[PDB]
Amino acid sequence: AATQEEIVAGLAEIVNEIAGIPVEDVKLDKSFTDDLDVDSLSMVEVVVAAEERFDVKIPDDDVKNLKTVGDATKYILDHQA
Numbered sequence: 002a003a004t005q006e007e008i009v010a011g012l013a014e015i016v017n018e019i020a021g022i023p024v025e026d027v028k029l030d031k032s033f034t035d036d037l038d039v040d041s042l043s044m045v046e047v048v049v050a051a052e053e054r055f056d057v058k059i060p061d062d063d064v065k066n067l068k069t070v071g072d073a074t075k076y077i078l079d080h081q082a
């Protein structure tokens with residue numbers, strides 16, 4: 002069970018790798034594909050990476066409803082394992 006910043010940093014590190022949004026930039030108020038820059042395509046791989054680390058499992062489909070780091074974090078934290 003991760004927490005707000007753990008989900009954030011976790012998503013962020015993956016983002017840093019594929020999309021290129023740095024961990025400082027990825028904050029919960031940040032819409033990955035709007036605030037940050039994330040091409041949303043990276044998000045697909047951020048998903049399988051996040052799902053695997055969080056065990057929460059948020060398909061990119063449900064990820065659409067999580068159009069912000071904090072929204073994702075909200076979902077991911079509430080659904081943590």
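Okay, so the sequence shown: first residue is 2 according to UniProt numbering, each after it adds one.
The beta-carbon is built from N, C-alpha and C at its ideal position, and this holds for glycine as well.
Query raised in the report: Span of the alpha helix (DSSP H) holding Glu-7?
Result: 5-19
Report task. Name the residue from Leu-12, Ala-2, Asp-79 whose alpha carbon lies nearest to the alpha carbon of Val-70. Result -> The residue with the shortest Cα to Cα distance from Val-70 is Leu-12.
Query raised in the report: In angstroms, rounded to a whole number, what distance separates the CA positions of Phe-33 and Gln-5?
Result: 16 Å
Query raised in the report: Taking just the CA atoms, how far does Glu-18 sit from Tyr-76?
Result: Going by the C-alpha atoms only, they are around 22 Å apart.
Query raised in the report: Sorted by chain position, which residues of the same chain lie with C-beta nearer than 8 Å to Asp-40's C-beta, five sequence neighbours on each side aside?
Result: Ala-20, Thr-34
Query raised in the report: How would you label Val-49, buried or exposed, when you count the other beta carbons within 10 angstroms and need 16 or more for buried?
Result: exposed
Requested in this report: Thinking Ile-8 and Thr-74 are a contact (beta carbons under 8 Å), I'd like their distance in whole angstroms, please.
Outcome: Going by Cβ atoms, the distance from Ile-8 to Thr-74 rounds to 4 Å, so yes, they are a contact pair.
**Report entry** Nearest-angstrom Cα separation, counted from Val-57 out to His-80
**Finding:** 6 Å
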